[PDB]
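**Q** Below is one structure. I have some questions about it.
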Amino acid sequence: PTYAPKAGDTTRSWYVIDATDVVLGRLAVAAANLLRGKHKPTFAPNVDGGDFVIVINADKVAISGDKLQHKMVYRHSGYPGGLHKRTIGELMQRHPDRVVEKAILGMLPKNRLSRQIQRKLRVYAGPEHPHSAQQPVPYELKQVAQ
Amino acid sequence: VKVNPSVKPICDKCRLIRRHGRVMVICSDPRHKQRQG
Amino acid sequence: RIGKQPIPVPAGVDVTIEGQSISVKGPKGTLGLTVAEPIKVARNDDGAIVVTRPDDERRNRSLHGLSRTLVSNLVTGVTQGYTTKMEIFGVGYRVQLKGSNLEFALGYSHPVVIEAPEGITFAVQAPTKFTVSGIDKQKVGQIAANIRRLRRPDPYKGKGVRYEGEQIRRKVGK
Amino acid sequence: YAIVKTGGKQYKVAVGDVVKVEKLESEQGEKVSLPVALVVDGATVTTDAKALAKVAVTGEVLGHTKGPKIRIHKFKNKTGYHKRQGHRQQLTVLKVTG
Amino acid sequence: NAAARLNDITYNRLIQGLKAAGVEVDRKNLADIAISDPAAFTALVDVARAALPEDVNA
Amino acid sequence: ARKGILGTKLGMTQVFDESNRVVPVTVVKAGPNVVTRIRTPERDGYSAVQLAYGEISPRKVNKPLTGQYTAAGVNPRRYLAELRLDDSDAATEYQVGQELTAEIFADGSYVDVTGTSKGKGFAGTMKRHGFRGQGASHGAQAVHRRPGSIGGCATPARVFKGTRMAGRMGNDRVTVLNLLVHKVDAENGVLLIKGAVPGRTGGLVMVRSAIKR
RNA sequence: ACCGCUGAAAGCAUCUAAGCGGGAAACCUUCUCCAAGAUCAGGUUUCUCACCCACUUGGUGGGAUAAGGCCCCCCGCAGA
RNA sequence: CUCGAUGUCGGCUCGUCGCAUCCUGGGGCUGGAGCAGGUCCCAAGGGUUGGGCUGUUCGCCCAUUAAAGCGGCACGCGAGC
């Protein structure tokens, strides 16, 4: 049997990802793995280990220029018509953190633990995050081996 | 422009240029100025 | 044989690579430029300019031709003037250079004060002839076509704000 | 602690730890020796296979309990087919003394 | 896989090493010594590294 | 700035204008009873102003509200509404403890007047949506005044959202725009407004200067 | 859509590859209205703040109330 | 698929969506003098009437009109007529 998931057994560290120049897919996958807590071996799909992830400088996160003007973010309102098409271009010059957060939430599983997990991801446009109360340690991305 | 989706040159002055997705032609005399699709 | 022109410069003022961007001052104002990274632009040891980049991959070539004629734009636009002569054709225009700026009128009410942007100059020679100038050839041409595209091409008589003509079309009449 | 290998499965036990292992041929009292795959002293782990064929875990078979009543009731559909059969997997309890 | 990538090796190469080295542990007990003993697991990872051939040719 | 003021409406009249026409006019007492409590665009990112208006006894209001009137330094007021100002604070246009009056609207300055309607009740789909409801004689069994249908059969096997249906209408804040003020009685309070102001007679009404000129 | 400037590759010509500009009742804005159950459940401000019992001191329940609100009652051009 | 029931046409009421646009918006060409006109491109936001004959959709007509779309949704809509 396992010994990893129990009561008060999981550890809560923090992470700051500087979305400086990185591309959106790698960034979101990395934040999602940190957020679920697969970077951790003491893992289980029932419990919520994983670290509060902060994504800073999400204003300048790289997307293909040919995608800032083509890839659209539709969001339907139930009312007939009411399909609210919107590219990530205007969506970026309005809420880049919403773009990033959308990608991350999309890479998480689809369940209630997904909600309890995504409540752990903060994302900010400028370099300046307010959650410095902790010791948010910078996690930068690194392809591994093989 | 006359838009037919099979574009050829008309005279001995049409230039089968390509311009941002649509393949248009230009003979510098807008008699046809046709364009593809 | 595109690569047989490295830029010279008469006045030789500010022509040196301040970090992959060029600028030139002198008899005219100054200008900048943001050229693509896979371009190499260097100086010449008598004071001239040179340009290349030893990659041969079919973007080297597009950037070759452009980058070269665009740095030419810069320097031979500051030293050598940039100006286009546009002749009114038809009836009814006589200029008022109000402030430094032009007010048009041909064939309708409300003479139109064409905005005086930053970094151009309006010139006139007659009621039926004027011209524009500046430092940036693209600026010059864009405003020169803003002035054209006024009373769109009509072949039946010709009311053309032209570029010293350049062969406007003609009628089929009645 | 050693990863004893028994019953086609493998178990991780140090000394003195009970294990619900397969129906070993045995009684109570008489001990029994079981091979390992990996035995560890914290920082001295044993890995080389010939160094492990020497290390033998040993423990006293005892209890010979049964597993729990695994109720099978196969039932497909309109087919109209039921097959109900159960199962008590025979087991044994084990202590570890090596 | 998580403990492996903690040791900079991927699960694939970890298994290929624990195979070529031959330590007949199985994913269950391998995960147990992963949880409780980061030390024993890192010994296992060095075992696997020492039992990888050279490259992506063979 | 968008010069606005509160006030209640006293009812309609008609007044004859300069050119010997009629002005079917609404009287709105915007009287000199509107005091302020600024809202900085820095503490809370509005740049709005807190206009008060009303006459109540201390006994009539609860402790939080009277505390806000004291911290602003004003004696309480039955209403306490707010008006956005700008992308700017400008620190001199208003003041906490200021006083307003209907006098800003300068006899011709178009206002746009906003306020809650008169509740037309739980009004069915013909007092509510203007349905040319089904016939009245030619056999129509029971469906005079009744909606009719709500969508189609099997693909929208569902009634679309926002389907015009019966429900409680009325009371919703409405803004009637561009109401040219015909006169301004700063000598007994009122402000004449050539038009039809929304709401019950004797009810809150915010008279904002227009946006359309 | 179309128009255009600068401009190559492809010593030219091109609205295009880099660049920039025009451009419509259509898109986001602007306006009118809902709206923090926006669970990401916001904000500015104001008000009240020992408050007594028993336990397993405590937490934990209880009880008492503060400010507040409700229920009763008189009503409404507010309303099933 | 539905026969141990999926109520058929037209009208009404209420819609709603598509663009293959009738009008309104921007355009290119025109064998486009001006008025216009004819054809092609983009464009769905609104708008797209009233009657006579017909159970009639289909039409024909009268008077307009900016124009008097062409379709989908069980040839939308009968626990709504």
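Scheme for the structure tokens: letters A, B, ... for chains in order shown; per-chain residue numbers from 1; ligand numbers from 1 in order shown.
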Residues of chain F were defined as contacting chain A if any atom lay at most 8 Å from it, counting only C-alpha atoms; please report them as a count of residues only.

**A** 3

**Q** Please return as number ranges by chain: the residues of chain E that backbone DSSP assigns to alpha helix (DSSP H).

**A** E: 2-6, 11-20, 27-36, 38-50

**Q** Taking N, CA, C and O atoms for each residue, export the selection above as a compact mmCIF listing (two decimals), in the first residue's frame.

**A**
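File part.txt, as written:
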# COMPACT_ATOMS: atom_id res chain seq x y z
N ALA E 2 8.22 10.38 -11.33
CA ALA E 2 8.47 11.62 -10.62
C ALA E 2 9.79 11.58 -9.87
O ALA E 2 10.56 12.54 -9.89
N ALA E 3 10.08 10.45 -9.22
CA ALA E 3 11.34 10.35 -8.49
C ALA E 3 12.52 10.27 -9.43
O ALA E 3 13.59 10.83 -9.16
N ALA E 4 12.35 9.60 -10.57
CA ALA E 4 13.37 9.59 -11.61
C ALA E 4 13.68 10.99 -12.07
O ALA E 4 14.83 11.43 -12.02
N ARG E 5 12.67 11.73 -12.52
CA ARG E 5 12.92 13.09 -12.97
C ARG E 5 13.40 13.99 -11.85
O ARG E 5 13.94 15.06 -12.13
N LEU E 6 13.19 13.60 -10.60
CA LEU E 6 13.92 14.25 -9.53
C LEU E 6 15.40 13.94 -9.62
O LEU E 6 16.24 14.76 -9.23
N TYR E 11 11.84 8.08 -16.77
CA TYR E 11 11.36 6.75 -16.42
C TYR E 11 11.80 5.70 -17.43
O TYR E 11 12.13 4.57 -17.04
N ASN E 12 11.81 6.03 -18.72
CA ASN E 12 12.22 5.06 -19.73
C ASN E 12 13.62 4.54 -19.43
O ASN E 12 13.85 3.34 -19.34
N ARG E 13 14.56 5.47 -19.31
CA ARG E 13 15.95 5.09 -19.08
C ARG E 13 16.13 4.48 -17.70
O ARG E 13 16.99 3.62 -17.52
N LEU E 14 15.33 4.90 -16.73
CA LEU E 14 15.38 4.26 -15.43
C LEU E 14 15.03 2.78 -15.54
O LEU E 14 15.72 1.93 -14.98
N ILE E 15 13.96 2.46 -16.25
CA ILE E 15 13.59 1.07 -16.41
C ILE E 15 14.63 0.32 -17.23
O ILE E 15 14.95 -0.82 -16.94
N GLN E 16 15.18 0.96 -18.26
CA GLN E 16 16.16 0.26 -19.08
C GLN E 16 17.43 -0.02 -18.29
O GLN E 16 18.11 -1.02 -18.56
N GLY E 17 17.75 0.82 -17.33
CA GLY E 17 18.89 0.58 -16.46
C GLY E 17 18.61 -0.48 -15.42
O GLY E 17 19.39 -1.42 -15.26
N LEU E 18 17.50 -0.35 -14.71
CA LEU E 18 17.12 -1.38 -13.75
C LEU E 18 16.87 -2.72 -14.43
O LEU E 18 16.82 -3.74 -13.74
N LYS E 19 16.68 -2.73 -15.74
CA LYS E 19 16.64 -3.99 -16.46
C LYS E 19 18.04 -4.47 -16.76
O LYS E 19 18.41 -5.60 -16.41
N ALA E 20 18.84 -3.63 -17.40
CA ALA E 20 20.18 -4.06 -17.79
C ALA E 20 21.04 -4.35 -16.57
O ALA E 20 21.84 -5.29 -16.59
N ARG E 27 7.54 -2.32 -10.17
CA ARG E 27 7.13 -0.93 -10.00
C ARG E 27 6.50 -0.66 -8.64
O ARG E 27 6.57 0.46 -8.14
N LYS E 28 5.92 -1.68 -8.01
CA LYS E 28 5.27 -1.46 -6.72
C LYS E 28 6.28 -1.16 -5.63
O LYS E 28 6.23 -0.12 -4.97
N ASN E 29 7.22 -2.08 -5.42
CA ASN E 29 8.22 -1.87 -4.40
C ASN E 29 9.20 -0.80 -4.82
O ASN E 29 9.76 -0.10 -3.96
N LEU E 30 9.42 -0.65 -6.11
CA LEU E 30 10.23 0.46 -6.59
C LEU E 30 9.62 1.79 -6.19
O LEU E 30 10.32 2.69 -5.71
N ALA E 31 8.29 1.91 -6.29
CA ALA E 31 7.62 3.12 -5.84
C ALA E 31 7.62 3.25 -4.33
O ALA E 31 7.65 4.37 -3.80
N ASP E 32 7.59 2.13 -3.60
CA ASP E 32 7.63 2.23 -2.14
C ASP E 32 8.97 2.78 -1.66
O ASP E 32 9.03 3.73 -0.87
N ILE E 33 10.08 2.18 -2.13
CA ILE E 33 11.39 2.72 -1.80
C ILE E 33 11.59 4.08 -2.42
O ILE E 33 12.48 4.82 -1.99
N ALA E 34 10.81 4.44 -3.43
CA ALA E 34 10.82 5.81 -3.92
C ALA E 34 10.25 6.75 -2.88
O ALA E 34 10.84 7.80 -2.60
N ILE E 35 9.11 6.41 -2.32
CA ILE E 35 8.47 7.30 -1.35
C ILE E 35 9.35 7.44 -0.12
O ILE E 35 9.81 8.53 0.22
N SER E 36 9.60 6.32 0.56
CA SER E 36 10.21 6.37 1.88
C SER E 36 11.70 6.66 1.81
O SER E 36 12.21 7.47 2.57
N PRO E 38 14.24 8.25 -0.52
CA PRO E 38 14.94 8.94 -1.60
C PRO E 38 16.38 8.47 -1.73
O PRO E 38 16.94 8.50 -2.83
N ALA E 39 16.98 8.03 -0.63
CA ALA E 39 18.35 7.56 -0.68
C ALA E 39 18.46 6.26 -1.47
O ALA E 39 19.27 6.15 -2.39
N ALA E 40 17.66 5.26 -1.11
CA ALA E 40 17.72 3.99 -1.82
C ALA E 40 17.30 4.16 -3.28
O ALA E 40 17.89 3.55 -4.18
N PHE E 41 16.32 5.02 -3.54
CA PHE E 41 15.95 5.25 -4.92
C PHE E 41 17.07 5.93 -5.68
O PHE E 41 17.27 5.64 -6.86
N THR E 42 17.80 6.85 -5.06
CA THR E 42 18.86 7.48 -5.83
C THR E 42 20.01 6.52 -6.06
O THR E 42 20.67 6.58 -7.10
N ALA E 43 20.23 5.59 -5.13
CA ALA E 43 21.15 4.50 -5.42
C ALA E 43 20.68 3.71 -6.63
O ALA E 43 21.48 3.37 -7.51
N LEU E 44 19.38 3.42 -6.70
CA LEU E 44 18.84 2.72 -7.86
C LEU E 44 19.04 3.51 -9.14
O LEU E 44 19.33 2.93 -10.19
N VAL E 45 18.89 4.83 -9.09
CA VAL E 45 19.05 5.63 -10.29
C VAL E 45 20.50 5.62 -10.75
O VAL E 45 20.78 5.58 -11.95
N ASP E 46 21.44 5.69 -9.81
CA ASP E 46 22.84 5.60 -10.22
C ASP E 46 23.15 4.22 -10.78
O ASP E 46 23.95 4.10 -11.72
N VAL E 47 22.51 3.18 -10.24
CA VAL E 47 22.58 1.85 -10.82
C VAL E 47 22.14 1.88 -12.28
O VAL E 47 22.80 1.32 -13.18
N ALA E 48 21.01 2.53 -12.55
CA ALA E 48 20.47 2.55 -13.90
C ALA E 48 21.37 3.34 -14.84
O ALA E 48 21.62 2.92 -15.97
N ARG E 49 21.84 4.50 -14.39
CA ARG E 49 22.79 5.27 -15.18
C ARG E 49 23.99 4.43 -15.56
O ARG E 49 24.33 4.31 -16.74
N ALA E 50 24.64 3.83 -14.56
CA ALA E 50 25.76 2.94 -14.80
C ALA E 50 25.40 1.75 -15.69
O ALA E 50 26.30 1.07 -16.18

**Q** Could the residues of chain G within 12 Å of chain C, counting only C-alpha atoms (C1' of nucleotides), be given as a VMD selection string, please?

**A** chain G and resid 3 to 12 15 to 22

**Q** Give me, as a PyMOL selection string, the contact residues of chain C against chain B at a cut-off of 12 Å, counting only C-alpha atoms.

**A** chain C and resi 153+155+167-170

**Q** Identify, on the basis of only C-alpha atoms (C1' of nucleotides), every residue whose closest approach to residue 63 in chain A does not exceed 8 Å; exclude the query and any residue fewer than 4 positions from it along the same chain; express the result as a list in words.

**A** residues 23, 24, 67 and 68 of chain A

**Q** Distance limit 9 Å, atoms considered: only C-alpha atoms (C1' of nucleotides). Which chain G residues sit that close to chain F? Return them as a list in words.

**A**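 The complete set of qualifying residues is residues 31, 32, 33, 43, 44, 45, 46, 47, 67, 68, 77, 78, 79 and 80 of chain G.
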
**Q** Per DSSP on the backbone, filter chain D down to the residues in strand (DSSP E) and report them as a ChimeraX atom specification.

**A** /D:2-6,9-13,19-21,31-34,36-40,45-46,57-62,72-75,82-85,92-94

**Q** Can you tell me, as a ChimeraX atom specification, what residues are no more than 6 Å from range 6-18 of chain D when counting only C-alpha atoms (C1' of nucleotides), ignoring any on the same chain fewer than 2 positions away?

**A** /D:1-4,22,94-98

**Q** Take the selection from the previous step and output its residues with C-alpha atoms, as a short mmCIF file (atom, residue, chain, number, x, y, z; two decimals), in the first residue's frame.

**A**
data_model
loop_
_atom_site.label_atom_id
_atom_site.label_comp_id
_atom_site.auth_asym_id
_atom_site.auth_seq_id
_atom_site.Cartn_x
_atom_site.Cartn_y
_atom_site.Cartn_z
CA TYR D 1 14.79 -3.86 4.61
CA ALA D 2 14.57 -6.31 1.74
CA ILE D 3 12.26 -6.70 -1.25
CA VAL D 4 11.48 -10.35 -0.77
CA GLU D 22 0.66 -16.82 -1.27
CA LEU D 94 4.41 -14.48 7.36
CA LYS D 95 6.98 -12.98 9.68
CA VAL D 96 10.37 -11.77 8.50
CA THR D 97 13.57 -12.63 10.36
CA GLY D 98 16.48 -11.59 8.14
#

**Q** Given only C-alpha atoms (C1' of nucleotides) as the basis, pick out the residue of G:13, G:2, G:72, G:64 nearest to residue 15 in chain B.

**A**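 The answer is G:13, which sits nearest to residue 15 in chain B.
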
**Q** Might you pull out every residue within 12 Å of range 122-131 of chain A, with only C-alpha atoms (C1' of nucleotides) counted and same-chain residues fewer than 6 positions away left off, and present them as a PyMOL selection string?

**A** (chain A and resi 14-20+27-28+31-32+35+51-61+92-105+137) or (chain G and resi 40)

**Q** Got time to write the residues from that selection, C-alpha atoms (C1' of nucleotides), as a PDB file, in the first residue's frame?

**A**
ATOM      1  CA  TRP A  14       5.793  27.964  -3.869  1.00  0.00           C
ATOM      2  CA  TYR A  15       7.058  28.647  -7.340  1.00  0.00           C
ATOM      3  CA  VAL A  16       7.583  31.695  -9.504  1.00  0.00           C
ATOM      4  CA  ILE A  17       7.693  31.148 -13.245  1.00  0.00           C
ATOM      5  CA  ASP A  18       8.925  34.158 -15.184  1.00  0.00           C
ATOM      6  CA  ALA A  19       6.997  33.823 -18.450  1.00  0.00           C
ATOM      7  CA  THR A  20       9.680  36.033 -19.919  1.00  0.00           C
ATOM      8  CA  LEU A  27       4.730  27.442 -20.021  1.00  0.00           C
ATOM      9  CA  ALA A  28       1.249  26.123 -19.402  1.00  0.00           C
ATOM     10  CA  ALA A  31       2.759  25.307 -14.565  1.00  0.00           C
ATOM     11  CA  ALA A  32       0.138  22.567 -14.822  1.00  0.00           C
ATOM     12  CA  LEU A  35       0.073  22.749  -9.983  1.00  0.00           C
ATOM     13  CA  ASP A  51       2.709  23.930  -5.263  1.00  0.00           C
ATOM     14  CA  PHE A  52       1.152  27.348  -5.595  1.00  0.00           C
ATOM     15  CA  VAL A  53       2.407  28.480  -8.986  1.00  0.00           C
ATOM     16  CA  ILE A  54       2.895  32.129  -9.877  1.00  0.00           C
ATOM     17  CA  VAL A  55       3.384  33.213 -13.489  1.00  0.00           C
ATOM     18  CA  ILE A  56       4.984  36.623 -13.858  1.00  0.00           C
ATOM     19  CA  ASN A  57       5.779  38.736 -16.914  1.00  0.00           C
ATOM     20  CA  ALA A  58       2.859  36.962 -18.597  1.00  0.00           C
ATOM     21  CA  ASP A  59       2.370  40.141 -20.614  1.00  0.00           C
ATOM     22  CA  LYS A  60       5.239  39.301 -22.976  1.00  0.00           C
ATOM     23  CA  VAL A  61       4.809  35.524 -23.217  1.00  0.00           C
ATOM     24  CA  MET A  92      -3.545  39.909 -24.994  1.00  0.00           C
ATOM     25  CA  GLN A  93      -3.632  43.656 -25.173  1.00  0.00           C
ATOM     26  CA  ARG A  94      -6.420  43.371 -22.644  1.00  0.00           C
ATOM     27  CA  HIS A  95      -5.771  40.404 -20.250  1.00  0.00           C
ATOM     28  CA  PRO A  96      -2.651  38.348 -20.939  1.00  0.00           C
ATOM     29  CA  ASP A  97      -3.026  36.747 -17.527  1.00  0.00           C
ATOM     30  CA  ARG A  98      -6.443  35.558 -18.665  1.00  0.00           C
ATOM     31  CA  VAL A  99      -4.842  34.017 -21.750  1.00  0.00           C
ATOM     32  CA  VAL A 100      -2.204  32.209 -19.689  1.00  0.00           C
ATOM     33  CA  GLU A 101      -4.660  31.141 -16.992  1.00  0.00           C
ATOM     34  CA  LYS A 102      -6.971  29.801 -19.712  1.00  0.00           C
ATOM     35  CA  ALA A 103      -4.215  27.662 -21.187  1.00  0.00           C
ATOM     36  CA  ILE A 104      -3.226  26.314 -17.785  1.00  0.00           C
ATOM     37  CA  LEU A 105      -6.777  25.498 -16.716  1.00  0.00           C
ATOM     38  CA  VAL A 137      11.419  30.125  -5.379  1.00  0.00           C
TER      39      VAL A 137
ATOM     40  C1'   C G  40     -11.334  34.695  -8.862  1.00  0.00           C
TER      41        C G  40
END
